[PDB]
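Enquirer: Here is the sequence, then the experimental structure:
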Amino acid sequence: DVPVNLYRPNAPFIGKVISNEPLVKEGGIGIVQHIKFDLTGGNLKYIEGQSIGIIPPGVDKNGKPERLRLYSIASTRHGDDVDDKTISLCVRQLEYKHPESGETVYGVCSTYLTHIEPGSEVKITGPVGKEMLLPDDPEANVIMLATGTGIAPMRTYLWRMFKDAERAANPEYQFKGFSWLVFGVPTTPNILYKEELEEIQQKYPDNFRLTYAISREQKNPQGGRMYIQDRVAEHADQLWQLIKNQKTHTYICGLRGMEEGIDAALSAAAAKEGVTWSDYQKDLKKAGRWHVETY
Ligand SMILES: Cc1cc2nc3c(=O)[nH]c(=O)nc-3n(C[C@H](O)[C@H](O)[C@H](O)COP(=O)(O)OP(=O)(O)OC[C@H]3O[C@@H](n4cnc5c(N)ncnc54)[C@H](O)[C@@H]3O)c2cc1C
């Protein structure tokens, strides 16, 4: 029932770019683009939580072909237009430091993708991943802990859950559980999909809670910048009480190193009731209720 590896690196799907919109608004940090691809002419199917590979053009410094980089799928199975013909990605341009040869180094595949023109052909492989899939249980609770581009799989769940055209397209899935997104970003102009996330919270105030950790605008109780781990510690008792429900699934996605602060908050909360979190978390992973994708 889960599509996997319908296309592989030795014979990828050649899709075309339809659009390439900026997501970071004026005053924000960096470049993050929303890129939609045409899937007509092939049989690429996918579902929510999965990833696809992109093969960038060119050769590395040794003269070898550039390999694929994985990107979380940012659209539901139906695409943004709910027509089953497209797929979207949420790509941040990677750039960095002086202690790495030269001055500023630009990532090959993320620079390629964030500056790609409509009409351009792209090499696509996949889909891949069964670690971040959404339960078909409409009464599930869904905790979502994201930073930056880790918002991508979360957007596929929330759109499936709360978009009107999705609800009309998926008769089998009419969500009525509770979902909570904690989204960590550096500025308010960096809140990817801010307008659409906040519209969902207005229509479904009993089914969706939205919490931000904005580091250049908020301080934690110790005086430092507000990060997602500071927000998780703030609500650690509530998050633990929801995690004890048999229906609750937790998703964590973003850049590596966010998992350590989430566990230390949830550890202190579990300890109060005589539970060892790291032991409890193993059972959750085997049960398929603890989903992690960091990179
Ligand atoms: C499952 C999965 C899902 C992903 N989803 C997304 C997504 O939705 N959106 C998204 O933008 N990205 C996503 N990523 C990351 C993405 O695959 C690529 O790694 C990223 O876009 C950078 O690729 P590049 O080709 O731009 O960089 P490369 O050109 O390969 O540059 C990366 C290399 O340079 C180095 N480097 C990187 N950062 C630094 C730093 N601060 N200091 C020093 N050296 C550094 C390392 O050697 C790293 O291997 C995902 C990764 C995985 C594994």
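Expert: That came in fine, so what should we check first? Numbering: from 1, shown residues only.

Enquirer: In contact with the spatially closest residue to residue 184 that is not a sequence neighbour: list those residues for me.
Expert: The shortest distance from residue 184 to any residue that is not its chain neighbour, by CB to CB, 6 or more residues apart in numbering, is 3.4 Å, and that residue is residue 228. Every residue, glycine included, has its C-beta placed from N, CA and C. Residues in contact with residue 228, defined by CB atoms under 8 Å, 6 or more residues apart in numbering, are 145, 146, 147, 182, 183, 184, 213, 254, 258, 261, 262.

Enquirer: same question, residue 4
Expert: For residue 4, the contacting residues are 126, 127, 128, 130, by CB under 8 Å, 6+ apart.

Enquirer: Residue numbers of the stretch 51-200 of the chain in contact with the ligand?
Expert: Proximity of the stretch 51-200 of the chain to the ligand is confined to 51, 69-72, 90-92, 94, 96-97, 100, 107-110, 149, 152 under the rule CB under 6 Å from any ligand atom.

Enquirer: Now intersect these with the strands, please.
Expert: Taking DSSP state E, the ones among these that sit in strands are 51, 69, 70, 71, 72, 90, 91, 92.

Enquirer: In the stretch 51-200 of the chain, which residue sits closest to the ligand?
Expert: Of all residues in the stretch 51-200 of the chain, residue 107 sits closest to the ligand, at 2.3 Å by CB to the nearest ligand atom.

Enquirer: That residue: how many residues sit nearby?
Expert: Summarising burial for residue 107: neighbours were counted as other CB atoms under 10 Å, giving 17.

Enquirer: What about the closest residue to it other than its chain neighbours, how many residues nearby?
Expert: Once flanking residues are discounted, residue 107 sits nearest to residue 94: 3.3 Å by CB to CB, 6+ apart. Residue 94 has 16 neighbours, counted by other CB under 10 Å.

Enquirer: residues in contact with residue 94?
Expert: The contact partners of residue 94, taken as CB under 8 Å, 6+ apart, are 106, 107, 110, 111.

Enquirer: same check, this time on residue 17
Expert: Applying CB under 8 Å, 6+ apart as the definition, the contact partners of residue 17 turn out to be 35, 36, 37, 38, 116, 117, 118, 119, 120, 122.

Enquirer: is it true that residue 198 lies in a helix?
Expert: Yes: with DSSP: H, G, I helix; E, B strand; the rest coil as the criterion, residue 198 is assigned to a helix.

Enquirer: I figured it was touching residue 210, is that so?
Expert: Yes: the pair residue 198 and residue 210 passes the contact test of CB atoms under 8 Å, sitting 6.8 Å apart.

Enquirer: quick one: which of the two has more around it?
Expert: Counted by other CB under 10 Å, residue 198 and residue 210 do not tie: residue 210 has more neighbours, with 18 against 11.

Enquirer: Is the more buried one within a helix or a strand, and which one?
Expert: Assignment of secondary structure by DSSP states H and E places residue 210 within strand 208-214.

Enquirer: shouldn't residue 209 be in contact with residue 181?
Expert: Yes: counting by CB under 8 Å, residue 181 is a contact partner of residue 209 at 7.4 Å.

Enquirer: more neighbours, those two?
Expert: In this comparison of residue 209 against residue 181, neighbours counted by other CB under 10 Å, the higher total goes to residue 181 at 23 against 16.

Enquirer: how close does the more buried one sit to residue 204?
Expert: Counting by CB to CB, to the nearest Å, the gap between residue 181 and residue 204 amounts to 12 Å.

Enquirer: How about residue 177?
Expert: The separation that residue 177 has from residue 204, given CB to CB, amounts to 11 Å.

Enquirer: and the next element down the chain from the helix or strand containing residue 127?
Expert: Using DSSP H and E, residue 127 sits within strand 121-128. Scanning forward in sequence from strand 121-128, with DSSP H and E defining helices and strands, the next element found is strand 141-147.

Enquirer: Which strands or helices does that following strand pack on?
Expert: Based on contacts counted as 3 or more CB pairs under 8 Å, 6 or more residues apart in numbering; DSSP states H and E, the elements that strand 141-147 packs against are helix 151-162, strand 179-185, helix 228-234, helix 236-243, strand 248-254.
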